[PDB]
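Structure first, commentary second.
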Amino acid sequence: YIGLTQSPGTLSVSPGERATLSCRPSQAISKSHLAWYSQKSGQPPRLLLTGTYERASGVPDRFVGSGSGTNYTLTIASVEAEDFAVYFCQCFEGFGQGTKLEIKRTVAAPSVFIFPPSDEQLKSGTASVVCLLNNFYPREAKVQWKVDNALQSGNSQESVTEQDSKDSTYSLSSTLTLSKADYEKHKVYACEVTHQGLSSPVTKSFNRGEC
Amino acid sequence: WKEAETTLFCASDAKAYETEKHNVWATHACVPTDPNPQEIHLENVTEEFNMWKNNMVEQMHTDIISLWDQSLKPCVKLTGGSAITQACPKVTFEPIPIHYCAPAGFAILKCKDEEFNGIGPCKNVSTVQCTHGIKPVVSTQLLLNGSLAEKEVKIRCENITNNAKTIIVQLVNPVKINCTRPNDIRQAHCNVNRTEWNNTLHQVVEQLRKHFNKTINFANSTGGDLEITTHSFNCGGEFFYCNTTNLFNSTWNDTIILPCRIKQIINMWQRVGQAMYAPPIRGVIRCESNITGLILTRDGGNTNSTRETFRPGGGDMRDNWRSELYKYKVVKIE
Amino acid sequence: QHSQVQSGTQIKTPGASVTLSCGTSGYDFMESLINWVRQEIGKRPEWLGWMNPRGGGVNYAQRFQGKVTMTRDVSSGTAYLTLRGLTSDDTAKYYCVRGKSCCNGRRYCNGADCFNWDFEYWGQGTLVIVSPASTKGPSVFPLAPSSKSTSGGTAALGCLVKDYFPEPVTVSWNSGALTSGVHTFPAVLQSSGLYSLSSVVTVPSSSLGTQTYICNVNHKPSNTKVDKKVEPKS
Ligand SMILES: *[C@@H]1O[C@H](CO)[C@@H](O)[C@H](O)[C@H]1NC(C)=O
Ligand SMILES: *[C@@H]1O[C@H](CO)[C@@H](O)[C@H](O)[C@H]1NC(C)=O
Ligand SMILES: *[C@@H]1O[C@H](CO)[C@@H](O)[C@H](O)[C@H]1NC(C)=O
Ligand SMILES: *[C@@H]1O[C@H](CO)[C@@H](O)[C@H](O)[C@H]1NC(C)=O
Ligand SMILES: *[C@@H]1O[C@H](CO)[C@@H](O)[C@H](O)[C@H]1NC(C)=O
Ligand SMILES: *[C@@H]1O[C@H](CO)[C@@H](O)[C@H](O)[C@H]1NC(C)=O
Ligand SMILES: *[C@@H]1O[C@H](CO)[C@@H](O)[C@H](O)[C@H]1NC(C)=O
Ligand SMILES: *[C@@H]1O[C@H](CO)[C@@H](O)[C@H](O)[C@H]1NC(C)=O
Ligand SMILES: *[C@@H]1O[C@H](CO)[C@@H](O)[C@H](O)[C@H]1NC(C)=O
Ligand SMILES: *[C@@H]1O[C@H](CO)[C@@H](O)[C@H](O)[C@H]1NC(C)=O
């Protein structure tokens, strides 16, 4: 059915550095039937390579496509600031899941903060508990909710910023939504964070009805 | 030996006393057929063929367009904003066989490998003065009154992995389809033997399974103008549009009746525009045909689902000519 | 040169239908197949189907059969995409797109003759948002940390801008005077069909008690404006 798997999911490089993207069709295909696209936020995808290696309009030769059968690669000779984007491979109607080309920086652990629901909000019959992960890198992070040590699931939503144009970090919020009934029922609310910048998981918690 | 472009002349067997338009056209456009046509095999010779890039298809298209523009004259036709009006008498209109022949200095190579798929080398080539007789039948979805495969059904497609490419099917056994406008004047219908048709789909599935070892499904047309969402054709000078839902609705792991309508307002296949014809003739309108091929389109969808779905397609009549001319190519001589 | 002009954003209630348009120019409309591509936010492009403007024949992706309908106006060179039975899953950006030309003037050239899949020409995209909600201003709640949990010289404050519709909201701190350390997170459309986000700022914990912090929320669609003072509980 020709599915396309790209790797890595995220490729972190510095400007001037070499970048090697990879695309693996589910089955052996022809060199003439594989294309590459790039996409920046707020824009449609832009066709880069039309054949396996045939470049397109305004596509500099630092972009070099290669491969055959089941292994196709897109190589950027010297990555520039304008190249950072999401790259999709394509065969007929199918697209790969994409490889995000990301600006590389040093690892930085998140500073963690937890916020209880305001008394004002609890008047409405809803409780929002917010956990903040601030200025961290890389993007990969696990935020886990536990109330009275009971692991929470399916009652939280995460939101992450785009990579900061200043320091290339990410910030993330995890909001736990509850009924005022369920909130006023339990006592300890904990946010556990796991990130490669930390020597151990960090738990930030509070007890309901305190300073 | 290299392919070449020229103007082939047509051969036919028109009758001087006929007022039927294909005959009338062929009296001045063609010459009589050869009773003893010569066919010469080329020993130890391989030649490249491409049914999808064949200039013979293109010339035949031009000729049948010219045939139609002379023969079937509508009362009104809208091409752009210019509404041309003219006399629209009823006509007799029933295709006759047309042979295409190479003029002096040129030849026609004929792929004779029965397992030829339409594109690629052919290790069994012969030279002929003329093609076989071809009825220029204009229709959609179902190919009628055409030629047949020798041993097993043939699926011809530039690449069947590409869902945007038309699939031309050639049957081995013809399936009779009879259409009748009984003595509402626009109401008609077709009859098809259900056993013959299920046996036909069976053979088609076997060949399709060689490309897709999945559950093969047949569904009906899912959109477009009426000419392509129905089995459309012409009989007795009238334009039939037949619902083929009962033909294409089956999963693969008696009598079929197709409701038809005669239309006065049609979309032109020669060029972009609408054409209006006079109200249908009275009496009985009757066509007895043979289904000898199909035009199919395969549903796209980038999921590893457990099925492939095929629907009737067409509309581009060049594909109809292609289903007959696929084995031929024109060549220049020293 | 080719231009694919797509219609504007449309906000629809669940179960409704929507028709998107793609005006084309810069070429013979009859000569190339029109494709439609969907992109869910943060996800890959997904092909919906193609349509041949000559005849209007179509090919819909399997899992969109019954969802999409592709038509065209030959005179105006305009392609159309209709979606019926809209659900929140249909919330996405919808692109009109076509491949490269294989015939600029050959006698009987047709879309089916060209290679369809080298998508060089994309429309700017049309956003479709499915939600039962009507226009509504946000409720703003303070985000202040529990005093029994703090750290050295660095605290965090924010405000929860919740249950508003549609996008967007603007959030500034101290009337735009405070910008350093601010993070306004992307809005999230939740089960209710209403949007919600948090805006946070990190400050000197030594500043807590002296400096007053206020988040200024502004929702132009509902013409509402909220100033909210933030400060940890005693
Ligand atoms: C059709 O395309 C597929 C995918 O590129 C390829 O594997 C196959 O060999 C092609 N077949 C023909 C007949 O060109
Ligand atoms: C060519 O085909 C004809 C009929 O299909 C057959 O009789 C003849 O043996 C063939 N020759 C070769 C070399 O395939
Ligand atoms: C079509 O008509 C022929 C008579 O010419 C007949 O032999 C055949 O059975 C008919 N097929 C039907 C009614 O399906
Ligand atoms: C349909 O065709 C089969 C075989 O071709 C034949 O045996 C059968 O009698 C047919 N049905 C009718 C109603 O004639
Ligand atoms: C369809 O064909 C099968 C065998 O190919 C046959 O058993 C069946 O009866 C046919 N369908 C109907 C409705 O009779
Ligand atoms: C195809 O079948 C469906 C299923 O009933 C029907 O709704 C539709 O009208 C059919 N299309 C045509 C062109 O007959
Ligand atoms: C074609 O036939 C099917 C089945 O009888 C029917 O559902 C559909 O409405 C028909 N199409 C048209 C255009 O009448
Ligand atoms: C299509 O086939 C199914 C079962 O094979 C049947 O139930 C349905 O009525 C058929 N559709 C039409 C329009 O006849
Ligand atoms: C259809 O095919 C049969 C044999 O299958 C033949 O007897 C009949 O004359 C053919 N009719 C037409 C119109 O080709
Ligand atoms: C097929 O051929 C028969 C016999 O010549 C003719 O009566 C019938 O009209 C033809 N069908 C079409 C669609 O031209």
Side-chain angles (χ1 to χ4, degrees), chain A residues 1-4 23-35 50-52 67-72 89-94, chain B residues 48-53 116-121 141-142 144-145 155-165 167-168 173-180 182 186-200 210-212 218-232 235 240-250 254-261 263 284 286-291 298 300 302 311-312, chain C residues 115-118:
Chain A
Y1 84 109
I2 304 175
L4 301 106
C23 185
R24 182 177 186 81
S26 71
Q27 77 187 36
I29 63 171
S30 164
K31 307 188 196 70
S32 44
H33 292 161
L34 189 121
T50 175
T52 289
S68 63
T70 330
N71 307 321
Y72 292 83
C89 69
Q90 185 213 22
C91 188
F92 297 146
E93 66 268 58
Chain B
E48 203 71 3
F49 284 80
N50 195 345
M51 62 176 293
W52 308 106
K53 186 199 269 188
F116 180 64
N117 60 335
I119 178 156
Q141 302 199 348
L142 306 181
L144 308 176
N145 285 358
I155 310 298
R156 299 193 227 275
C157 180
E158 191 170 351
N159 192 310
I160 195 158
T161 317
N162 186 340
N163 67 52
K165 292 297 185 188
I167 304 168
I168 297 173
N173 307 103
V175 182
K176 301 191 177 199
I177 173 164
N178 303 328
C179 301
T180 308
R186 293 165 295 177
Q187 185 181 344
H189 64 81
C190 292
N191 292 92
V192 179
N193 179 312
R194 188 184 300 282
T195 305
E196 281 179 9
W197 184 248
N198 269 21
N199 294 345
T200 296
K210 295 181 177 175
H211 304 265
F212 312 94
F218 292 98
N220 64 343
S221 181
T222 178
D225 289 337
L226 214 71
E227 285 73 24
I228 66 173
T229 61
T230 70
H231 168 46
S232 199
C235 178
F240 284 69
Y241 292 73
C242 301
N243 191 336
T244 57
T245 295
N246 293 338
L247 291 185
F248 302 100
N249 171 36
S250 59
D254 213 35
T255 303
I256 302 172
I257 307 174
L258 314 175
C260 299
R261 180 165 301 279
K263 284 176 62 58
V284 183
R286 171 68 170 184
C287 263
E288 297 178 353
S289 301
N290 280 331
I291 303 168
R298 186 182 57 88
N302 191 34
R311 310 177 182 274
Chain C
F115 192 74
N116 179 52
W117 306 106
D118 288 335

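Labels below follow one simple rule: chain letters A, B, ... track the order of the sequence lines, proteins then strands, and each chain is numbered from 1. Hydrogens, waters and symmetry mates are skipped; everything else that's a heavy atom, side chains included, is used. Order of listing sets the numbers, starting from 1, for every ligand and every atom in it.
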Would A:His33 count as being in polar contact with ligand 1, using the rule that some N or O on each side must be under 3.5 angstrom apart?
yes
With B:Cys157, which residues qualify under side-chain contact (heavy atoms from CB on, under 4.5 Å), at least two apart?
B:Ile160, B:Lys165, B:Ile167
Check ring-ring contact (aromatic ring centres under 6.0 Å, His included) between B:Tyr241 and all other residues, then give those that pass, not counting sequence neighbours.
none
Sequence neighbours excluded, which residues qualify as side-chain contact (heavy atoms from CB on, under 4.5 Å) partners of B:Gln187?
B:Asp184
Using distance alone, decide if ligand 1 has a nitrogen or oxygen within less than 3.5 Å of any nitrogen or oxygen in B:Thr161.
no
Measure the acute angle between the ring planes of A:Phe92 and A:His33, then classify it against the limits of 30° and 60° as parallel, tilted or perpendicular.
tilted
Examine the side chains of A:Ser32 and A:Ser30 and answer whether a donor and an acceptor come within less than 3.5 Å of each other.
yes
Check the side chains of B:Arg156 and B:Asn117 for a donor-acceptor pair under 3.5 angstrom, ignoring hydrogens and angles.
no
Proximal atoms of ligand 1 relative to A:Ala28 (non-hydrogen, under 4.0 Å)
7 (O)
Of all the atoms in ligand 3, which lie at a distance below 4.0 Å from a heavy atom belonging to B:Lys176?
7 (O), 8 (C)
Testing the basics here: between B:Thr180 and B:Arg286, what is the closest heavy-atom pair and its distance to 0.1 Å?
OG1-NH1, 3.0 Å
Between ligand 1 and A:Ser30, is the shortest N or O to N or O distance under 3.5 Å?
yes
A:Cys89/A:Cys23 sulfur atoms closer than 2.5 Å:
yes
Could you tell me, for ligand 7, which of its N or O atoms are under 3.5 Å from any protein N or O, listing the pairs and their distances rounded to 0.1 Å?
from, atom 1, to, atom 2, distance (Å)
ligand 7, 2 (O), B:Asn243, OD1, 3.4
ligand 7, 2 (O), B:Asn243, ND2, 2.3
ligand 7, 11 (N), B:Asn243, ND2, 3.0

Interfacing atoms of ligand 3 (cut-off 4.0 Å, heavy-atom, B:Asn193)
14 (O)
If the cut-off is 4.0 Å to any non-hydrogen atom of A:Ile29, which atoms of ligand 1 fall inside it?
4 (C), 5 (O), 7 (O)
Atoms of ligand 3, numbered as shown, that sit under 4.0 Å from any heavy atom of B:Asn178:
1 (C), 2 (O), 3 (C), 8 (C), 10 (C), 11 (N), 12 (C), 13 (C)
As a test of understanding, state which of B:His231, B:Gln141, B:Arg311 forms a side chain to side chain donor-acceptor pair (under 3.5 Å) with B:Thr244.
B:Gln141
Test item: B:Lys176 and B:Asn290 side chains (from C-beta on) under 4.5 Å apart, heavy atoms:
yes
